[PDB]
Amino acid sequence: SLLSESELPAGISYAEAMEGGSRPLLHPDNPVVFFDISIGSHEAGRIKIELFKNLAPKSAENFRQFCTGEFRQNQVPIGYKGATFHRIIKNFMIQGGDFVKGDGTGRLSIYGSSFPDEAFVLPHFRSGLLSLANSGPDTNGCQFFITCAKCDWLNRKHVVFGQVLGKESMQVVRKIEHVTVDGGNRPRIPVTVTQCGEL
């Protein structure tokens, strides 16, 4: 189901997304969520994210609940508040959302351990897209990445399910992308979602 760049729907070009505010651009019922980011102990700003419920409803709803606190295990909420970005590769992507262990091992979703790939409709055609991290087919969980360049070699292996909105969002993404990392691409100073929610 993969669309070529010439076939893309309105509202998801880089220019269109950078004009976005707090309301969705691809489909009017798409939720918009946010992360406030701290780099070390410094508030770095806010990333606003449209979740493409119209194209990837299960992936969007999983991410959305992790932003709002609506997913509970035995009455205890769990989600992205306090989650880190544990793997940062300049000119490629920033990876985070492992609220389980903070190291890439976390594989919990609102559906259980892992959930299937939805249709691979959108390509990784530009920076600023949200896509699911996984360990092969049908192993989506809680982790995600934000593209920092086109990464079309990931097409049909990772579901692109959202986009950042507005220029500040991309400024924060670029700041995260350029922090110092160790030999394993782990940041030397933590990058944390200190607050998150739905707009």
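Numbers follow the displayed sequence, beginning with 1.
Chemist: Could you check the entry and say whether 55-63 or 150-158 has the higher mean CA B-factor?
Modeler: That would be 150-158.
Chemist: Comparing 5-13 with 172-180, which has the greater mean CA B-factor as deposited?
Modeler: Mean CA B-factor is higher for 5-13.
Chemist: Comparing recorded Cα B-factors across 122, 88, 78, 129, which one is largest?
Modeler: Max CA B-factor in the entry, restricted to 122, 88, 78, 129: 122.
Chemist: Test of reading the entry: by CA B factor among the chain's modelled residues, which third contains residue 99?
Modeler: Lowest third - that is where residue 99 ends up once the chain's C-alpha B-factors are sorted.
Chemist: Could you tell me which third, lowest, middle or highest, the C-alpha B-factor of residue 29 occupies within its chain?
Modeler: Middle third - that is where residue 29 ends up once the chain's C-alpha B-factors are sorted.
Chemist: Can you tell me whether residue 70 has a C-alpha B-factor in the lowest, middle or highest third compared with the other modelled residues of the same chain?
Modeler: Middle third - that is where residue 70 ends up once the chain's C-alpha B-factors are sorted.
Chemist: Could you say whether, by C-alpha temperature factor, residue 41 belongs to the lowest, middle or highest third of its chain?
Modeler: As the PDB entry reports it, the C-alpha B-factor of residue 41 lands in the highest third of its chain.
Chemist: What third of its chain's C-alpha B-factors does residue 105 belong to: lowest, middle or highest?
Modeler: Its C-alpha B-factor, which the entry lists for residue 105, ranks in the lowest third among residues of this chain.
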